[PDB]
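Protein chains in written order, with PDB author numbering: chain F, 11 to 317; chain J, 11 to 317; chain I, 11 to 317; chain H, 11 to 317; chain G, 11 to 317. All C-beta atoms in this analysis are idealised placements derived from N, C-alpha and C, irrespective of residue type, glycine included. Here's the structure we're looking at; comments come further down.
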Amino acid sequence: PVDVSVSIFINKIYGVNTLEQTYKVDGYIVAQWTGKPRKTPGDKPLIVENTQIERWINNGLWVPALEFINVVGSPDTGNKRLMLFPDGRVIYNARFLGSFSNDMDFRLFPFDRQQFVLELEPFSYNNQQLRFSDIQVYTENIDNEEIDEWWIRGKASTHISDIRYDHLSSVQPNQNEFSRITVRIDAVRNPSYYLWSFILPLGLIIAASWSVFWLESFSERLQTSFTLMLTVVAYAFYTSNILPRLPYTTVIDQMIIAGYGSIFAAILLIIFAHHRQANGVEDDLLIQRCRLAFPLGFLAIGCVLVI
Amino acid sequence: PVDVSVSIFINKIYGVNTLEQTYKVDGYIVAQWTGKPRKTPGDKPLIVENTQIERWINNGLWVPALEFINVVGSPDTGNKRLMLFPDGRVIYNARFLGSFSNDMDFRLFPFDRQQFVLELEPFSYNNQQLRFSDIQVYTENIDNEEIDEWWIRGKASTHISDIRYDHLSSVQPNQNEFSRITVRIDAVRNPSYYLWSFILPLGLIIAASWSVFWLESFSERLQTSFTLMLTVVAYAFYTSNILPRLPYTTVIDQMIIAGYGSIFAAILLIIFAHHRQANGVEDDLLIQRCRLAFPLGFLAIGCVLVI
Amino acid sequence: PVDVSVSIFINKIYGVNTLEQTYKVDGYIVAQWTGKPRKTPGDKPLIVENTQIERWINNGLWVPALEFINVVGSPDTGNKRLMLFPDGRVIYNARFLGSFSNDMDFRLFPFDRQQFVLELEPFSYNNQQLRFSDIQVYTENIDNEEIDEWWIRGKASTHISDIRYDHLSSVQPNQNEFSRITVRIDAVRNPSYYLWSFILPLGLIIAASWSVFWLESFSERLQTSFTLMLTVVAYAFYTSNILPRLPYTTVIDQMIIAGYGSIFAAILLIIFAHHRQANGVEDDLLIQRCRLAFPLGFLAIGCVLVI
Amino acid sequence: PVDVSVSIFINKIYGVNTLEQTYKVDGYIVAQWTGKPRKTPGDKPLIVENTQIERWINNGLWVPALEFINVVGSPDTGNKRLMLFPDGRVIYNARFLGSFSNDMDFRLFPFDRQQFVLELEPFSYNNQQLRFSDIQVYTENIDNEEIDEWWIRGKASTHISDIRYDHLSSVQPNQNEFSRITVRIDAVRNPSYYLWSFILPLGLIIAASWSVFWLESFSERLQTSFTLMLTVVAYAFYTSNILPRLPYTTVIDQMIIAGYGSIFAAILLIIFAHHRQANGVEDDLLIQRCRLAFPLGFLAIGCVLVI
Amino acid sequence: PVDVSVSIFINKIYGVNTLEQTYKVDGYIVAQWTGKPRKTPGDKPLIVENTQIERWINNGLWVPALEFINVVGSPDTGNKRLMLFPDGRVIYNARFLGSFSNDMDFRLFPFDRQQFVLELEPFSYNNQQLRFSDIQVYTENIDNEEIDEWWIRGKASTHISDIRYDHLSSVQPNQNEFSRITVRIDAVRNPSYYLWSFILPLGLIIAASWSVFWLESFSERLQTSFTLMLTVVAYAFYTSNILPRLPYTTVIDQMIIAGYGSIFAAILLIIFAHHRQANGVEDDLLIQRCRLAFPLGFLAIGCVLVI
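The structure is reproduced here in structure tokens:
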């Protein structure tokens with residue numbers, strides 16, 4: 011059972027695809043195991059770069075393929091390197107840039123909490139053939155959080171485990187529990203842009219919506235909300251065009267519907283005040299003057315939308 | 011006639027292109043057949059990964075090319091693996107991510123029922139040369155439906171069949187019935203986002219559109235519906251920018267046309283009310299009070315879209 | 011002069027690029043020619059798939075490169091196959107997906123008539139060396155016309171010709187008339203979508219534009235025409251953002267100009283009526299009642315533009 | 011010093027990238043030079059296609075690499091062909107699609123004059139080793155300019171020159187004047203689409219903007235210009251979203267700014283007219299009748315833009 | 011420790027990705043070192059182009075892989091060349107196009123000062139094996155600044171240094187200090203487009219926003235600011251649709267927020283004017299006359315952003 015030691019170096023995690031639930035990761039893989047002692051030129055370890063690695067394999071060098079389980083497509087592999095030591099040991103070092111998959115929940119945008127995951131597992135060798143001895147991940151990140159889209163929080167989380175597959179080859183003794191490495195990097199979204207450029211003005215839009223009750227005439231009260239209605243649509247447009255596409259409603263999407271709700275509610279109330287009367291122009295002096303009622307009733311509905 | 015057993019493992023179905031009628035599928039293919047017994051090291055199966063497979067083929071290993079009939083372009087092949095057994099049997103395992111084609115009807119969007127199809131067929135070997143014995147498809151997906159865009163319903167539809175080509179090679183006896191595996195996975199679109207962020211507020215727009223008749227003056231009644239027209243255009247725009255591009259009208263597209271219609275009808279009625287008179291400002295108390303006539307008359311247009 | 015038989019199988023024509031005058035074609039090419047008889051294992055036809063073809067070419071197998079004259083870039087080749095018959099004949103079969111170029115006029119969009127073209131020609135062997143004997147094209151298409159963007163007219167038109175190049179190598183006898191196969195597929199755009207979702211609502215806009223004349227006051231008449239102006243711009247935006255990009259104006263584009271024209275023309279009349287007087291407020295009783303003049307005057311200008 | 015004759019065939023120039031100053035060219039390069047006499051099969055010239063050229067190079071065929079100096083990235087090479095003559099001469103033929111760079115000034119859009127340039131130069135061989143004897147360029151183009159985006163003007167300008175590099179290897183005699191072929195093709199933009207769908211309606215907007223002075227009331231005069239301002243915003247949006255992205259202002263971009271100014275200037279006067287009084291509402295009968303002042307002052311300021 | 015001299019030629023820096031913090035660089039690398047003296051054909055230096063370089067590596071030619079540290083993905087390599095001199099020395103010349111990463115601060119857009127960086131490091135050989143002797147970078151650029159998006163300032167900054175890695179093999183002597191070349195190119199953004207087409211009219215919107223106080227009636231004063239609000243919304247959209255996406259607010263983003271604030275302040279003031287009274291109709295003749303108060307009160311808040 012060959013013991014394989016892994017070391018992952020993470021350079022950059024970028025380009026999150028919200029729709030595809032995807033993120034790109036650039037870095038290096040280092041895999042080490044001990045083989046049969048070799049005769050190296052001179053006696054210091056022998057270096058075999060890119061092209062030449064295949065040539066060594068053709069001569070029977072065992073270099074096991076390690077698969078990125080949760081990779082989308084196949085990674086762009088940069089430089090490959092084999093370091094052959096005379097005492098037997100082998101070090102496979104290669105740089106990669108890959109597109110990775112993971113379950114991502116974006117409901118509480120733009121205050122989402124995400125975790126970037128890497129899953130490594132031998133493609134052909136089961137737990138009894140190839141075994142992951144240990145793994146350390148180096149997240150060589152730091153500083154300038156206010157410049158980056160994501161703020162990495164913890165340090166790299168690591169777990170070597172054994173994955174059992176129920177439907178495999180015509181093999182029955184016990185060859186089915188491949189050993190799998192799982193790396194986890196926690197991150198939080200930089201909410202600064204969405205607060206100041208979306209939440210804030212949306213708030214002012216919704217706030218200024220309530221100012222329709224301070225209008226004197228009914229004709230004024232009603233027609234203005236059509237302009238106000240037209241505003242929320244215009245804002246829904248600007249929102250939807252810039253925010254990331256998802257198959258569900260976010261906090262902001264809820265806020266927009268709530269905006270649509272306030273205006274349509276105002277429309278009903280304004281009409282109600284005017285034509286529900288006991289003479290003709292009896293605009294319910296108090297209901298037309300609900301100028302504080304549903305702004306704070308909106309603060310009640312606002313606190314429940316979070317609940 | 012070589013009997014081949016196939017097993018498909020579906021990891022991810024994502025990235026639907028509505029216009030090209032395209033969807034992406036990531037997974038593994040496993041194909042197995044029994045060859046002439048080989049003498050493997052020890053007696054345990056011999057493993058051959060990626061690069062080395064080609065070399066073995068040059069030495070006379072028969073590894074049949076299985077074509078994905080309904081693939082767009084050529085799929086990204088990840089790791090390749092040949093498992094050679096001493097008793098003869100051969101197992102081909104490879105990871106793939108491909109863009110596949112299938113007829114997709116998006117008329118009743120966002121309430122689609124779609125089906126993702128895979129069609130496997132040997133590229134050069136007919137039914138009498140190579141025949142598909144059986145296939146099981148493993149959709150190891152489950153849970154968290156409200157996070158994913160599509161909801162997979164059944165397990166997997168499977169069908170091995172024989173395709174006759176009328177125009178083929180220089181063969182006339184019977185080399186023309188290639189065997190095809192056809193895998194079908196049914197899915198329904200997650201309508202949650204589109205209902206709350208598109209359907210609902212559109213309804214309120216159309217709803218509030220009719221409130222233009224509760225205006226007192228003729229000028230108020232008329233001028234306001236222009237703002238209302240401008241509202242539907244703005245909403246039609248917001249719709250088009252976000253929704254999937256199609257070469258036909260959807261339910262949503264139809265609602266928008268209906269929006270244009272309701273406003274245009276009111277325009278006609280409002281002008282009519284004022285100018286259908288025996289003096290000049292005889293605004294027909296019944297027609298200016300079509301405040302219940304065509305709002306629920308629109309519910310007839312709504313039931314006709316359902317019929 | 012080697013006689014070559016060609017068969018093109020068209021699977022899907024999609025992805026028309028309006029600006030580049032380009033369309034994507036997925037399908038198979040089959041080329042057959044008769045060489046000197048071979049000794050195949052047994053006597054059974056020999057099959058050579060992908061990788062192995064190059065090995066045969068290195069050993070002196072003549073497989074002429076057949077170039078797609080009008081392809082942009084180089085096509086995505088799927089599976090390749092050499093079928094070598096013992097009587098001599100050789101069959102090259104390969105799947106391809108390519109982006110093809112052709113002159114495309116989109117002026118009378120969305121009512122275009124286009125034709126999808128393929129041009130095959132030997133890359134290195136002239137007519138006296140290699141000549142295209144015959145070609146059949148199989149467009150295994152039919153049905154689902156109102157689900158698809160294009161309606162195919164013919165089945166497939168073909169023309170084998172000899173292309174004379176006037177400026178080539180320092181060769182003078184007669185080596186310059188390469189034989190070319192040209193396949194043509196006629197198609198018509200399904201204008202239904204653009205009619206209901208673009209032509210129609212634009213029409214309602216222009217129509218309701220004319221309703222500016224049923225307004226009483228001058229201030230109403232003029233101020234309303236500014237909201238009307240803003241609506242057409244809103245529509246111009248919505249149109250261009252969704253419709254295909256071209257280097258010229260379409261039928262839809264002209265309607266938009268016509269909308270702008272009607273309103274600016276209306277602006278001129280409305281101002282004219284008020285200030286062209288014999289007192290100050292003598293609004294010309296007939297010119298203010300141009301409520302029918304240019305609605306049918308636009309239908310006159312509209313019907314003349316069709317000429 | 012090997013005399014090399016080159017012939018460039020241009021099939022298609024498309025896909026201008028305004029920001030990157032890039033354009034795509036599809037075509038063929040043909041290179042001919044005379045080597046030491048060969049003994050060819052039969053005695054007529056030998057043809058070598060794609061794959062086989064590398065094999066010939068491995069056995070000592072000198073095929074010099076010709077670099078596209080102004081290519082961005084590395085070109086899509088189609089078919090390669092070596093034609094080996096017994097009298098010595100060798101003819102290299104290959105099809106290419108490449109993205110080329112050139113300084114492109116788009117200031118006077120959509121009335122650009124552009125020139126598409128190709129620069130060819132040997133990668134490793136200087137003027138005394140390899141020299142370009144002559145070059146002819148064939149633009150096999152013609153007809154239907156009103157169908158294409160760019161109108162090719164000239165035929166093709168040609169220039170073989172000697173390029174001196176001052177910093178190369180530690181080499182000193184005179185090995186620094188690589189011979190370079192420079193192909194230039196002039197073209198003019200088809201302004202039809204931009205004129206009718208952008209210049210004109212923008213023009214009508216700016217013109218009709220001035221109709222703000224024929225309004226009676228101050229409130230009307232002022233409030234209308236807010237709708238007028240909102241229109242230019244809408245138009246700026248529609249323009250910029252469709253127009254090519256640039257790092258400078260175009261003619262059309264200038265038109266838009268001119269619109270903002272016309273409207274803001276109107277706002278200032280309208281406020282000015284009103285509060286510059288001998289009572290409160292004494293609007294200077296001539297300043298309210300600046301209905302002719304700055305419309306023709308706009309044509310005076312407009313012609314200065316030509317200066 | 012092999013002394014390697016490097017020379018980078020920068021052709022084009024283009025395509026900045028604001029979110030990914032990425033820029034594309036086209037150019038050449040030249041690497042020179044002295045090997046063991048060779049016997050070259052004739053006696054003049056031997057040239058080895060593209061394909062043949064691998065062949066030399068197989069026969070034992072040491073050609074060290076020099077890795078681009080801050081490269082995203084793997085660069086597109088154009089022509090490769092090995093120049094082998096008889097005295098021993100070897101020169102590697104290769105053209106490259108790569109996407110590079112660097113910390114990029116875009117806060118003060120469109121007035122960014124950016125620096126484009128290249129980082130070279132040997133992939134497999136440490137400081138005691140391979141040492142960077144010296145490096146010169148040639149940015150053969152100059153002139154035509156008003157045409158390009160970025161204005162290159164310096165002549166290019168250099169830093170040859172030694173990077174220590176702390177976590178590698180079970181190696182203890184001193185092999186962990188790879189030598190790294192870092193090239194820096196300073197650049198400034200061409201702000202012209204964003205000033206005239208974004209900064210300028212946005213200011214006019216804000217300026218004209220204040221003109222709401224020159225309105226006489228209360229309803230006019232209040233209702234007009236809703237058109238004004240909708241305009242800033244309209245403008246926020248146009249800004250966002252054209253300007254580059256970032257995870258933080260820029261000056262322009264701030265200008266828009268300043269607008270939303272200015273208008274909301276007016277809404278509150280206008281409402282305040284109307285209802286804070288000692289009679290009923292005391293619309294503060296003085297506070298409605300803040301027509302100069304917060305135009306300069308906005309200039310007080312505005313000048314604070316410079317400090």
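What does a CB cutoff of less than 6 Å around residue i pick up in its chain, not counting 5 residues either side in sequence?
| i | result |
| --- | --- |
| residue 10 (chain J) | The displayed coordinates of chain J run from 11 to 317. Any statement about residue 10 (chain J) would go beyond what the structure contains. |
| residue 294 (chain J) | 283 |
| residue 103 (chain F) | 40, 91 |
Kindly say whether residue i, judged by its beta-carbon, lies nearer than 7 Å to any beta-carbon of chain I.
| i | result |
| --- | --- |
| residue 53 (chain H) | no |
| residue 133 (chain J) | yes |
| residue 211 (chain H) | yes |
Using only alpha-carbon positions, find the residue among the options that is nearest to residue i.
| i | options | result |
| --- | --- | --- |
| residue 42 (chain I) | I:213, I:16, I:245 | I:16 |
| residue 205 (chain G) | H:126, H:244, H:257 | H:257 |
| residue 107 (chain I) | J:83, J:90, J:124 | J:83 |
| residue 29 (chain J) | I:24, I:33, I:31 | I:24 |
| residue 222 (chain H) | H:155, H:261, H:202, H:305 | H:305 |
| residue 119 (chain J) | J:255, J:143, J:289 | J:255 |
Check the Cβ-Cβ distances between residue i and every residue of chain J, and say whether any is below 7 Å.
| i | result |
| --- | --- |
| residue 233 (chain F) | yes |
| residue 16 (chain F) | no |
| residue 236 (chain F) | yes |
| residue 40 (chain F) | no |
| residue 43 (chain I) | no |
Find out if the Cβ-Cβ distance for the pair residue i, residue j is shorter than 7 Å.
| i | j | result |
| --- | --- | --- |
| residue 56 (chain H) | residue 94 (chain H) | yes |
| residue 98 (chain H) | residue 44 (chain H) | yes |
| residue 251 (chain F) | residue 251 (chain J) | yes |
| residue 59 (chain I) | residue 75 (chain J) | yes |
| residue 35 (chain H) | residue 123 (chain H) | no |
Are the C-beta of residue i and some C-beta of chain F separated by less than 7 Å?
| i | result |
| --- | --- |
| residue 240 (chain G) | yes |
| residue 246 (chain G) | yes |
Got a sec: is the Cβ-Cβ distance from residue i to anything in chain H below 7 Å?
| i | result |
| --- | --- |
| residue 263 (chain I) | yes |
So, for residue i: in the same chain, excluding its five sequence neighbours on each side, which residues have a beta-carbon less than 8 Å away from its beta-carbon?
| i | result |
| --- | --- |
| residue 81 (chain F) | 108, 109, 110, 111 |
| residue 86 (chain F) | 106, 107, 108 |
| residue 151 (chain G) | 20, 162 |
Does the beta carbon of residue i come closer than 7 Å to any beta carbon on chain G?
| i | result |
| --- | --- |
| residue 206 (chain F) | yes |
| residue 48 (chain F) | no |
Going along the chain, which residues of the region 168-197 of chain H sit with their C-beta nearer than 7 Å to a C-beta in chain G? 177, 179
Which residues, taken in chain order from the region 266-277 of chain G, show a beta carbon closer than 7 Å to some beta carbon of chain F? 267, 270, 274, 277
Can you give me, in chain order, the residues of the region 216-228 of chain I that have a beta carbon less than 8 Å from any beta carbon in chain J? 217, 218, 221, 224, 225, 226, 227
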